[PDB]
Amino acid sequence: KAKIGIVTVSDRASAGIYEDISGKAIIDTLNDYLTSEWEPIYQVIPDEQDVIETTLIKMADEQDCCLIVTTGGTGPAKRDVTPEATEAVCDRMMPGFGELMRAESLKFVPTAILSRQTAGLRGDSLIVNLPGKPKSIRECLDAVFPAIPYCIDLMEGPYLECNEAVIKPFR
Amino acid sequence: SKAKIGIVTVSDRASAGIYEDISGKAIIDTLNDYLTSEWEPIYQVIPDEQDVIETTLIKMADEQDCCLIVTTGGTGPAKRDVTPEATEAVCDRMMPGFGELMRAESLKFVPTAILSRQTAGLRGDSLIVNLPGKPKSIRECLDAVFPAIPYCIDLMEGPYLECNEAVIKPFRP
Amino acid sequence: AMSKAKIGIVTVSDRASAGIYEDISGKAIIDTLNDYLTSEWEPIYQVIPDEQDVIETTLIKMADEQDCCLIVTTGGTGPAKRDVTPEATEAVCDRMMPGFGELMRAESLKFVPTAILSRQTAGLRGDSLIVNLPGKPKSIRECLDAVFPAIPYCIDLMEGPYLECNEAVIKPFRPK
Ligand code: NA
Ligand code: NA
């Protein structure tokens, strides 16, 4: 059974928010994509690099998350430290992800180039930084998820199966 | 707050004395065309020496409060091209989107665009961007990336840059 | 510049230990470079196992002892744990050339969305350019077609040999 980590990074949501629209967008998108059974491991944390690092390490090392997706804290603002935390915990970066996510975003907004979203591997776990807006989250995942089930196969993880009328992963 | 913008021409030849710094001029001319808000250029010509480039950038960011610093020169595969190493050394986090788009923009016209090591990053609240050498390329490069720069500076709580929208339209979401 | 060009070709394979392994990738590289070049050059060719220390050694020998102006690798550039070619390349290079990885992934993403899984990179060690290529002969050729037009000029800038090409097949770009 596949375990997928979902991390909402936000001082605001950590302090208390009516709802977590970002985390929800990730869960709903994954539910739309996946016909195979999967289990979300979900945390809401503040913009604190040490905490983000700890959370990702726990998900990958102890909770066997084959994929971990983060949302928030990827811009130029002083407290946006999610990419740094990601780089800190991953041994092998995946530069193709950031490239594509920015390229797709750039079709809409020239500020796409301000995103420091990245991705990498910690051991057998893929970690991908997503943006904050639900619209953007779906657009982002639509672009990169088709490569993800195959990536997990190559890491000797669970075989993810998709609703091919919603998304078509290449293998 | 009154905006200060650093302009660094990196060049052994220029540092020894040349007729005119056309790359630096291209930067200042373009920024003049873009900007309606008042701003102060802080300009330095320095040699291709990594440590000197580092010191120059650190001063402009830390002491002179430059919200944007742009460099021209020293960004290819040649031994003495050390502007990107200097930029990476002084920045606390990189802005990979800039190197991507600047290469893509240059690649429109020259296959050797992929040899460019031009990059960008943040040192505290200062954005540092490595630009190309030729005036035509500098303008095309700025046309491509500058639309994102005023919003970047807004996010770093810096001065509000105001632009001539007939010339350039910065995006602010 | 007048000096005879040496180009390194490194095949990284989990079957390298077997003399009966048929290296179709290394062959595709050699064949491609022969199609491309009209100037005199010599291939320096090694098939090696996917052991990062060995890949590092091979690259360093080719760059530092055998005067290879260009070294191309094939194999070991995906997300699997055993794929350590980019780490070796990063280890031996003193500065990276991010434009190569961008272009190669872009040329590949034209065909497969798993293009973003490639960790192929490129860098300089001293005056030697090192570029990670893919595995399949078709992908190897497509890759080289995309990036090789910038390579002779790169070598010119590092004061290496002047490479000359068969312009019926590939046209290097050289600016002022
Ligand atoms: Na794991
Ligand atoms: Na060398």
Side-chain angles (χ1 to χ4, degrees), chain A residues 1-7 38-41 43 52-70 85-86 88-94 119-128 148-149 151-160, chain B residues 76-81 115, chain C residues 1 4-10 41-44 46 55-73 79-83 88-97 122-131 151-152 154-163:
Chain A
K1 182 163 173 180
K3 286 163 187 86
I4 295 167
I6 299 158
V7 188
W38 69 283
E39 181 174 317
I41 310 285
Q43 292 281 103
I52 303 161
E53 293 180 28
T54 297
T55 301
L56 296 174
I57 286 171
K58 184 180 169 187
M59 288 174 174
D61 292 6
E62 293 186 272
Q63 297 179 295
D64 192 35
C65 290
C66 65
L67 170 71
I68 299 160
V69 298
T70 66
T86 301
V89 306
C90 292
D91 43 72
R92 290 157 86 233
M93 307 305 294
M94 297 290 292
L121 304 173
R122 178 175 178 89
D124 51 8
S125 305
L126 176 67
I127 307 176
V128 182
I148 291 174
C151 188
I152 297 170
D153 297 347
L154 295 172
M155 311 313 304
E156 298 180 299
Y159 192 89
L160 298 188
Chain B
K79 189 185 192 306
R80 279 188 76 77
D81 291 8
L115 308 179
Chain C
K4 190 176 272 197
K6 294 177 185 89
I7 300 179
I9 300 145
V10 184
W41 71 284
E42 293 190 353
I44 304 194
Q46 289 275 110
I55 303 159
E56 286 180 30
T57 301
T58 301
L59 298 176
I60 291 165
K61 178 160 195 174
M62 294 182 164
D64 292 359
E65 304 197 319
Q66 303 181 291
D67 187 30
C68 290
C69 58
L70 172 66
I71 301 160
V72 294
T73 68
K81 183 92 184 295
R82 292 274 302 269
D83 287 7
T89 299
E90 291 164 35
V92 309
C93 291
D94 46 75
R95 50 215 186 142
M96 311 302 294
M97 298 286 277
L124 312 176
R125 176 176 183 90
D127 58 3
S128 300
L129 172 70
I130 309 181
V131 177
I151 292 173
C154 187
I155 298 166
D156 297 343
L157 294 173
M158 291 173 314
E159 295 190 81
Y162 193 87
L163 296 191

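The figures that follow rest on heavy atoms only: side chains count, while hydrogens, waters and symmetry mates do not. Just so you know, ligand 1 is whichever comes first in the structure, and atom 1 is the first atom listed for that ligand. In the text below, chain A, chain B and the rest are named by the order of the sequence lines, each starting its count at 1.
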**Student:** Please check this pair: side chain of A:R92 against backbone of A:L121, looking for a donor-acceptor N/O pair closer than 3.5 Å.
**Tutor:** no

**Student:** Considering only heavy atoms from C-beta outward, does the side chain of C:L59 approach that of C:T73 to under 4.5 Å?
**Tutor:** yes

**Student:** Contact between A:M94 and C:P79 at the side-chain level, heavy atoms closer than 4.5 Å - yes or no?
**Tutor:** yes

**Student:** Does the side-chain contact (heavy atoms from CB on, under 4.5 Å) test come out yes or no for A:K3 and A:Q63, once each step is laid out?
**Tutor:** CA-CA 8 Å; A:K3 286 163 187 86; A:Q63 297 179 295; 5.6 Å; no

**Student:** Return yes if some donor-acceptor pair links the side-chain N/O of A:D124 with the main-chain N/O of A:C66 below 3.5 Å, else return no.
**Tutor:** no

**Student:** Only one of C:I71, C:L70, C:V10 forms a side-chain contact (heavy atoms from CB on, under 4.5 Å) with C:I130, so which one is it?
**Tutor:** C:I71

**Student:** Less than 3.0 Å away from the Na ion (ligand 1), how many protein N/O/S atoms can be counted, ignoring water?
**Tutor:** 3

